[PDB]
Structure formats: structure tokens, C-alpha cells
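Everything on this sheet refers to the single structure shown next.
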Amino acid sequence: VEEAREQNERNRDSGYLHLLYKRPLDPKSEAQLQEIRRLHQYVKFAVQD
Amino acid sequence: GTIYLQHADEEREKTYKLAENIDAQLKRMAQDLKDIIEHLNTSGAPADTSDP
Amino acid sequence: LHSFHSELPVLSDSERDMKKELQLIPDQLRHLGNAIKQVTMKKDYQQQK
């Protein structure tokens with residue numbers, strides 16, 4: 001609820017928009033990429049095993 | 001109520017739907033492997049409890 | 001939280017480069033999704049023997 005509150009107010013600055021070119025992934029998008037990497041390596045090992 | 005879609009948002013949705021389809025494929029391929037493994041451990045189990 | 005990230009007007013350096021990795025994984029899944037079938041058809045052949 002409080003992440004959603006802060007992000008709603010952050011999206012209302014005009015300066016912030018200028019930095020978005022250099023943003024990392026959001027932590028949910030990278031956690032899904034890390035899960036995809038983990039599952040890919042698991043599905044690769046268990047095929048050999 | 002008052003925005004036009006931009007080419008970035010189209011290209012972002014096409015990127016996240018590629019991650020959705022990859023995740024939903026990997027979690028199947030991991031269960032395809034799990035069923036193959038469960039059918040590898042259960043074949044080794046002799047189902048008669050009368051044997052001493 | 002998913003709507004509070006959709007209004008961003010440009011793709012970052014990290015969105016574009018996660019998109020490179022996500023474009024590479026499908027052809028590795030094409031090989032892994034044949035390796036599973038090769039190991040299944042190995043099991044089918046061994047079990048029938």
C-alpha cells in the first residue's frame with residue numbers, strides 16, 4: 001500500500017521523467033528475470049541428471 | 001481517462017509477455033521433468049508388504 | 001503496483017537489454033525442449049527393453 005502511495009506521487013514530478021533512461025529494472029521485473037535464470041539452469045541440470 | 005499509448009508501452013508489453021510465456025514454459029518443463037522423476041522413484045518401489 | 005509502472009514514456013537501458021536476453025532464451029528452450037524429448041524417448045526405449 002505504501003510502495004503504491006510513494007510511486008503514485010513519484011510519477012507526478014517532471015524532473016524524474018528525465019532520469020528514466022538510466023533506471024535499472026524494477027525489483028519485480030528483475031526477480032522474474034532471476035527466477036527465469038534459476039528455472040533455466042534447473043531445467044538444464046535435471047535434463048543431464 | 002486522457003492518455004494516448006506510446007511506442008515504448010507497446011514495446012514494454014511485448015517484452016513482459018515474452019517473460020510471461022518463458023516463465024509459463026519453464027514451469028511446465030520443470031514439471032515435465034518432475035513427473036519423469038516421480039515415475040523413476042516409484043518404479044523402484046515393490047508394492048507387496050507381505051515380504052520379510 | 002502494475003498500473004503505477006505502465007505510464008513510463010520511454011524504455012530504459014535495462015528494459016532494452018533484458019529484452020536482448022529474453023530474445024535469446026527461446027532458442028535455448030528449443031534445445032532443452034528437444035533434450036527432454038530425447039531423455040523421454042531414452043526412458044521409453046529402456047522401459048520397453
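Following the order of the C-alpha cells, chains are lettered A, B, ..., residues in each are numbered from 1, and ligands are numbered from 1.
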**Request:** Compute the set of chain C residues within 7 Å of chain A, using only C-alpha atoms, and express it as JSON, numbers by chain.
**Result:** {"C": [1, 4, 10, 11, 12, 13, 14, 15, 32, 35, 36]}
Let me see the file: selected residues, N, CA and C atoms, as an mmCIF file, in the first residue's frame.
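Saved file result.cif follows:
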data_model
loop_
_atom_site.group_PDB
_atom_site.id
_atom_site.type_symbol
_atom_site.label_atom_id
_atom_site.label_comp_id
_atom_site.auth_asym_id
_atom_site.auth_seq_id
_atom_site.Cartn_x
_atom_site.Cartn_y
_atom_site.Cartn_z
ATOM 1 N N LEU C 1 0.109 -1.821 -8.242
ATOM 2 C CA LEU C 1 1.551 -1.658 -8.473
ATOM 3 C C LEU C 1 1.924 -1.835 -9.955
ATOM 4 N N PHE C 4 0.807 1.431 -11.709
ATOM 5 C CA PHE C 4 1.705 2.529 -11.326
ATOM 6 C C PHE C 4 3.107 2.462 -11.978
ATOM 7 N N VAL C 10 9.328 6.181 -22.001
ATOM 8 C CA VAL C 10 10.495 5.696 -22.768
ATOM 9 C C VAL C 10 11.036 4.402 -22.144
ATOM 10 N N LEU C 11 11.702 3.556 -22.942
ATOM 11 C CA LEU C 11 12.426 2.369 -22.465
ATOM 12 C C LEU C 11 13.844 2.721 -21.981
ATOM 13 N N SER C 12 14.171 2.322 -20.756
ATOM 14 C CA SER C 12 15.493 2.466 -20.142
ATOM 15 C C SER C 12 16.577 1.598 -20.805
ATOM 16 N N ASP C 13 17.842 1.817 -20.432
ATOM 17 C CA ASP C 13 18.937 0.898 -20.773
ATOM 18 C C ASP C 13 18.724 -0.544 -20.289
ATOM 19 N N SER C 14 18.004 -0.750 -19.185
ATOM 20 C CA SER C 14 17.788 -2.080 -18.608
ATOM 21 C C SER C 14 16.590 -2.814 -19.224
ATOM 22 N N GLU C 15 15.500 -2.113 -19.562
ATOM 23 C CA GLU C 15 14.360 -2.685 -20.299
ATOM 24 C C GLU C 15 14.796 -3.217 -21.674
ATOM 25 N N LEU C 32 16.622 -27.359 -25.053
ATOM 26 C CA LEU C 32 16.182 -28.036 -23.819
ATOM 27 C C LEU C 32 14.872 -28.822 -24.031
ATOM 28 N N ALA C 35 16.001 -31.906 -25.764
ATOM 29 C CA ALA C 35 16.736 -32.742 -24.820
ATOM 30 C C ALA C 35 15.798 -33.518 -23.876
ATOM 31 N N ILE C 36 14.765 -32.877 -23.304
ATOM 32 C CA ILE C 36 13.708 -33.574 -22.541
ATOM 33 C C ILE C 36 13.103 -34.713 -23.376
#
**Request:** Specify as a count of residues only all residues of chain C found within 10 Å of chain B, counting only C-alpha atoms.
**Result:** 24
**Message:** Report, in Å to a single decimal, how far apart atom CA of residue 34 of chain B and atom CA of residue 44 of chain C are.
**Reply:**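 Separating atom CA of residue 44 of chain C from atom CA of residue 34 of chain B is a distance of 16.2 Å.
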**Prompt:** Looking at only C-alpha atoms, which of A:27, A:15, A:32, A:2 is the one that sits closest to chain B?
**Reply:** A:32
**Prompt:** Using only C-alpha atoms, which residue out of B:23, B:17, B:48, B:41 lies closest to chain A?
**Reply:**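 Under the stated criterion, the closest residue is B:23.
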**Complete:** Using only C-alpha atoms, the shortest atom-to-atom distance to chain A among B:2, B:10, B:45, B:35 belongs to B:35
**Message:** I need the alpha helix (DSSP H) residues of chain C per DSSP on the backbone, written as number ranges by chain.
**Reply:** C: 13-48
**Complete:** Between atom CA of residue 24 of chain B and atom CA of residue 39 of chain A lies a distance of 10.6 Å
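With only C-alpha atoms as the basis for measurement, B:20 is the residue among B:4, B:42, B:20, B:51 that approaches chain A most closely.
From atom CA of residue 27 of chain B back to atom CA of residue 42 of chain A, the distance works out to 10.4 Å.
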